[PDB]
Protein chains: 6
Amino acid sequence: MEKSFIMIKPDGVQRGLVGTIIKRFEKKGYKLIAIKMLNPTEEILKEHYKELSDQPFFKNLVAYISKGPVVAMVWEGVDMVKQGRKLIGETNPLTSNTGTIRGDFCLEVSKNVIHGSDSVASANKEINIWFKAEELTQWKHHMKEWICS
Amino acid sequence: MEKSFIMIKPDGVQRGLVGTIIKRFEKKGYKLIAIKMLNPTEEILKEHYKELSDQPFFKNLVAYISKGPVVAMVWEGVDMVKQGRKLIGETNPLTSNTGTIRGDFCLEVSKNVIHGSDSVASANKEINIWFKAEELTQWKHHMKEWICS
Amino acid sequence: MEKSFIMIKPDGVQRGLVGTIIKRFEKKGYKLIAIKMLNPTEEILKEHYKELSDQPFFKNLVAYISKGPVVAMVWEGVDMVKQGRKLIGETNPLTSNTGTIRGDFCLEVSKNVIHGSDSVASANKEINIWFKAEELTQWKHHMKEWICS
Amino acid sequence: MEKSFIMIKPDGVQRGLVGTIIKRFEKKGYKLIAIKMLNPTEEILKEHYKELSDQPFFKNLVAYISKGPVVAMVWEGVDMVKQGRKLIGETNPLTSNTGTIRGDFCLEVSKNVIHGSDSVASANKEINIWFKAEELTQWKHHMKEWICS
Amino acid sequence: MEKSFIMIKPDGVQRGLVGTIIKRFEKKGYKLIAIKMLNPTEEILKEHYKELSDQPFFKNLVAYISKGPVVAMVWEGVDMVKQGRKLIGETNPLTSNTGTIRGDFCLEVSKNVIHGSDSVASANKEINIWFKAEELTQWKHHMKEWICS
Amino acid sequence: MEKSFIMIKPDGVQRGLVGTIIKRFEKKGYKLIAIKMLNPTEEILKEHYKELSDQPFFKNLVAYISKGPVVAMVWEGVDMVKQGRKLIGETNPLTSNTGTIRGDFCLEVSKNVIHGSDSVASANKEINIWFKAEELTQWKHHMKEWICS
């Protein structure tokens, strides 16, 4: 099934929203298949934000996330990428609707607690950069009968 | 007052969302007047889709429902039908907004945990087929003073 | 498996604790098999509190629970009677520990929101008086694998 | 920083939504700087509701809020006025989105639990009438580092 | 009715536990009658902690709380003092039971987020020092019918 | 600081309690420094329950564990080992107090969702076997000021 990369940014971990964010994804009926905590290299981040290497404020971004703690995740399930983005909200937490992670907990775009994959093509690249194949664990979700067809 | 028929489908009870769903409805200021758990008779469940039978997936539903457990409910209150549908969300939980039951908990249209009446006319018919008159309990809501006129 | 009778008293319904209470039982890994809302006849209650006819304030108690709404339930699972009593707390919500329903939500013994069966013998009697056998619904709990054995 | 006046109306306090409301504002990353409980005097309420003097039922509006309890607050933070409005929802809780206070808890515009300032200019006026400058407490929010720039 | 003085200490406000704490007290069926945010002046703090004068570290005590923000409260209800203490927990959050504020949120006796009055006599003293009589608001709790006799 | 090894067992992941468990630990003021999801090897698993060889149920737990997914964790903080145990509850979820993970979610000792280290000595051994040194992430907890000295 469709996989997406969801990463709790440093400010997410600092504010103690790790549990809350996971709970939100679990309750949706989604499948956690990989999770790790790491202080990301400025070189792992260089490749994750290759798409956004084309942004004016970049020299501030990479050093930032590299410092603070990060909880990297992969979640699996039908229309994973879009629904994760839906659960997260818009980029700007001010224009982001209530009910979303960013719309319930964030104020500024520089500190939006979470990253979600923008497209399925973006997701598959992001997963490979952040995780080893061995890391992605295969398990049968007992509940999938009552979430899916 | 306006009454609507809300029914937690099998997948709802299996995932343990009975309490959460009810709490959502209670906190909105609505009045629970009837609740029951039953395995719906294929026969008596047949009339629930009597209006929509002209659909490709009809035989599969009257199977996954009748076998699994169901919590049938009637809730009362101002604009009950529309608000119930609001609380539930769209048919497809992908297009359904966050904050709603289906937008918080569901992924696939085949397993969207809950039913809500689509109109007042549809509600009155659905109440009649699922519940006996004696079943609908009459009680004075003490809090209605502070929710209504 | 072991069954117990749990009944949300009228003050429970009035305060909108129906959802919350159920949620607590659901999260424990317990199995809801019967649920009904009714205004209990003074005769149904006359027998439910027959063992408790050994109390000074009895003529005032049956009239009370008779008036307001009541949500009657049966829950199934290993050590259901004891654990339900555990989840509920002591009779007196003042001496009842925090974490319990009565210790989180109640102040007075006259208004303690919920009833739980005191013993397995008392439970089987209580279930028979409040429910018909047809009411008790048989369903396979998918998650039982990961709660039991 | 931008300040807004948020006031839980009497029906909010009645329904025990004070904690819940505050939690919602806390979790958004906002800064409570003043809070007080009062039974608002005609004097304050006439100035607070000066714009609504051109309405048939005004003598009773300044008399309802004058009766019940009210929790007056000031919250501080980036885009405070608009975000507060967003967290609260539309005036009519029927058209207000789910996820909001009014869309989660309210049914009628007469009883919508909370007030939020409509503009920055409205806010500064509202704060001055409800609170004394001494009441606005200055404190360093430790977490503002991780919510703001 | 019985009144107690409950004060969220600065670390409670810092960690965004104001709403959470209030909700806990609301849900218990208790009556908030006064609330105020202040940076406690040396005068108040010397009188609140008058019994801790014969202790080595007293000047740093009154200077910690005189720094950070504090939410002062009065709550009313049957056995208010004891149950407040019960909801709060033991002084040391390590020996305090789970379910309590201190046992759910705290680790160190120096930072245990909340104060609760230890006796009725202590409470009436504490209320007088922190609040003016005008500040204690009188209101009829609609729900007290269903919490009390 | 004191470190402990906390592991959500298969049944925990299946029932979707990962988020909730984590939140419980975060809200206590504890610091997550390592997290990973894996299907545990026989070789890795056997040394974990090495001391529990002289026990009747030794082979069968390795069956229902290795197959299922597990979320291994390391948490750091004052009195981490005992508090983790406190947060978890007793071995048997029948005798385990309400408020605890096992007392809120579990029924049988075979499926009690989580493991916690029994002593500091047992913790440091468990961390070593489950995680590499590189895996334990070093980060400054901004909120530690307000939870500790």
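About the criteria used
- Residues numbered from 1 in each chain as written, not as in the entry; some residues may be left out.
- Chains lettered and ligands numbered in written order.
- Heavy atoms only, no water.
- Helix = DSSP H or I, 4+ residues; strand = E, 2+ residues; numbered from the N terminus.
- Rg over C-alpha atoms; globule rule 2.2 N^0.38 Å.
- Buried < 20%, exposed > 50% of the residue type's maximum accessible area, 1.4 Å probe, protein only.
- Contact = heavy atoms within 4.5 Å.
- Areas by Shrake-Rupley, 256 points an atom, 1.4 Å probe, with all protein chains shown as cover.
- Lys, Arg positive; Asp, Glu negative; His and termini not counted.
- Charge placed at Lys NZ, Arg CZ, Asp CG, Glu CD.
- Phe/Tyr/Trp six-rings, centres within 6.5 Å; stacked < 30°, edge-to-face > 60°.
- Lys NZ or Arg CZ within 6 Å of the ring centre and 35° of its normal.
- UniProt positions renumbered as here; feature names shortened; annotations may be inferred.
- Buried area = accessible area lost by both parts, 1.4 Å probe.
- Salt bridge = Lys/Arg side-chain N within 4 Å of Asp/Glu carboxyl O.
- Polar contact = N/O pair within 3.5 Å; in protein donor to acceptor, adjacent residues only side chain to side chain.
- Nonpolar A, V, L, I, M, F, W, Y, C, P; charged D, E, K, R; others polar.
- Pairing = 2+ DSSP bridges.
- Least-squares fit on C-alpha atoms.

- Method of determination, as annotated in the archive: X-ray crystallography, at 3.05 Å resolution.

### Points about the overall build of chain A
- Within chain A, the regular secondary structure consists of 7 helices and 4 strands.
- Computed over the C-alpha atoms, the radius of gyration of chain A is 15 Å, within 12% of the 15 Å expected from 2.2 N^0.38 for a compact globule of 149 residues.
- Overall, the C-alpha framework of chain A stretches about 45 × 35 × 25 Å when taken along its three principal axes.
- The burial tally for chain A puts 62% of its 149 residues in the buried class.
- Considering only residue pairs separated by 6 or more positions, chain A has 77% of its internal contacts joining residues 24 or more positions apart.
- Of the accessible surface of chain A, which amounts to about 5,900 Å², a share of 53% is contributed by carbon and sulfur atoms.
- On chain A, the mean spot of the 22 positive side-chain charges and the mean spot of the 18 negative ones are 3 Å from each other.

### Focus on the packing of aromatic side chains
- What the rule picks out here adds up to 22 aromatic pairs over all chains.
- Where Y49 of chain B meets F58 of chain B, the ring centres are 6.0 Å apart and the plane angle is 25°; that geometry is what we call stacked.
- In this arrangement the basic side chain of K31 of chain A is found over the ring face of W139 of chain A, its NZ or CZ atom lying 5.5 Å from the centre.

### Things to note about the UniProt feature "active site" (unreviewed entry) in chain A
- Under the feature "active site" (unreviewed entry), the UniProt entry names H115 of chain A.
- Counting through the fold element by element, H115 of chain A comes out in strand β4 (residues 114–116).

### Things to note about the interface of chain E and chain C
- Taken together, the contact pairs 17 residues of chain E with 20 residues of chain C.
- Summed over both sides, the interface between chain E and chain C buries roughly 1,600 Å², with carbon and sulfur atoms accounting for 57% of that surface.
- Connecting chain E to chain C are 0 salt bridges.
- Along the contact surface separating chain E from chain C lie 8 residue pairs in polar contact.
- Class assignment for the residues of the side of chain E that touches chain C results in 6 nonpolar, 6 polar and 5 charged.

### A short note on helix α2 (residues 18–27) of chain A
All names here are of chain A.
- Extensive coverage of α2 is indicated by the burial of 8 of its 10 residues.
- The set of residues buried in α2 consists of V18, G19, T20, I21, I22, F25, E26 and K27.
- The positive-phi residue at the C-terminal boundary of α2 is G29, with phi of around 95°.

### Concerning the pairing of strand β2 (residues 31–38) of chain D
All names here are of chain D.
- Taking burial as the measure, the 8 residues of β2 include 8 buried ones, the bulk of the element.
- The pairing of β2 with strand β3 (residues 70–76) spans 7 bridges and is antiparallel. Considered in β3, the bridge of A34 is made with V74.

### Observations regarding the UniProt feature "binding site: ATP" (unreviewed entry) in chain A
Residue and element names in this part refer to chain A.
- As recorded in UniProt, the feature "binding site: ATP" (unreviewed entry) lies at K9, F57, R85, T91, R102 and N112. Over a stretch of 104 residues, the named residues are scattered through the fold, their C-alpha atoms separated by up to 22.5 Å.
- With respect to the secondary-structure elements, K9 resides in the loop between β1 (3–8) and α1 (10–14).
- The class for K9 is buried, based on a relative accessible area of 6%.
- Excluding residues within four positions of it along the chain, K9 makes contact with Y49, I65, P69, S110, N112, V113, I114 and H115.
- Considering the arrangement of structural elements, one finds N112 in the loop between α6 (101–105) and β4.
- For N112, a relative accessible area of 6% corresponds to the buried category.

### Some remarks on the relation of the copies chain A and chain F
- Superposition of chain A onto chain F requires a rotation of 180° combined with a translation of 0.1 Å along the rotation axis, giving an RMSD of 0.4 Å. What the superposition gives is, in effect, a two-fold axis relating one chain to the other. Of the C-alpha atoms belonging to chain A, the one lying closest to the rotation axis is found on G19 of chain A, 2.1 Å away.
- When you check the interface residues of chain A against chain F, 93% turn up at the interface there too, and the contact is symmetric in its surfaces.

### Topic: the arrangement of the chains
- Without any contact between them, chain C and chain D keep their closest C-alpha atoms 9 Å apart.
- If you take every C-alpha in chain B and every C-alpha in chain F, the smallest gap between them is 8 Å, and the two do not touch.

### A word on unusual backbone geometry
- A positive phi angle, close to 45°, is found at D79 of chain A, a residue other than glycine.
- Mapped onto the elements, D79 of chain A comes out in the loop between β3 (70–76) and α5 (80–88).

### Comments concerning the relation of the copies chain E and chain C
- When chain E is fitted to chain C, the residual RMSD is 0.7 Å, and the transformation amounts to a turn of 120° plus an axial shift of 0.3 Å. One copy is carried onto the other by what is essentially a three-fold rotation axis. No C-alpha of chain E approaches the rotation axis more nearly than that of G99 of chain E, which lies at 2.6 Å.
- The overlap is low: 6% of the interface residues of chain E also sit at the interface in chain C, so different surfaces are used on the two sides.

### Quick word on the interface of chain A and chain F
- Between chain A and chain F, the residue contacts involve 28 residues of the former and 27 residues of the latter.
- Carbon and sulfur atoms supply 56% of the area that chain A and chain F bury against each other, a total of about 2,100 Å² over both sides.
- One can count 0 salt bridges joining chain A with chain F.
- Applying the counting rule to chain A against chain F returns 14 residue pairs in polar contact.
- If you list the elements that add at least two residues to the side of chain A that touches chain F, you get α1, α2 and β2 (31–38) of chain A.
- Residue contributions to the side of chain A that touches chain F peak at 7 residues, all from β2 of chain A.
- Of the residues assigned to the side of chain A that touches chain F, the class counts are 14 nonpolar, 9 polar and 5 charged.

### Description of the pattern of salt bridges
- One pass over the structure, following the stated rule, counts 27 salt bridges over all chains.
- Ionic pairing is found between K82 of chain F and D79 of chain F, a salt bridge with its closest N-O pair at 3.0 Å.
- When salt bridges that share partners are traced, they join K3, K31 and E76 of chain B into one network.

### As for the side chain of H141 of chain A
- Topologically, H141 of chain A is positioned in the segment after α7 (120–130).
- Using a relative accessible area of 12% as the deciding quantity, one classes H141 of chain A as buried.
- Not counting chain neighbours up to four residues away, the residues in contact with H141 of chain A comprise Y30, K31 and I147 of chain A together with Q14 of chain F.

### Some thoughts on the pairing of β3 of chain A
Residues and elements named next belong to chain A.
- The element β3 is largely enclosed, with a buried count of 7 among its 7 residues.
- What you see with β3 is no split at all: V70, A72, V74 and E76 on one side and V71, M73 and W75 on the other are buried throughout.
- Note: β1 against β3, 6 bridges, orientation antiparallel. Each bridged residue has a counterpart across the sheet, and for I8 the counterpart in β3 is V71.

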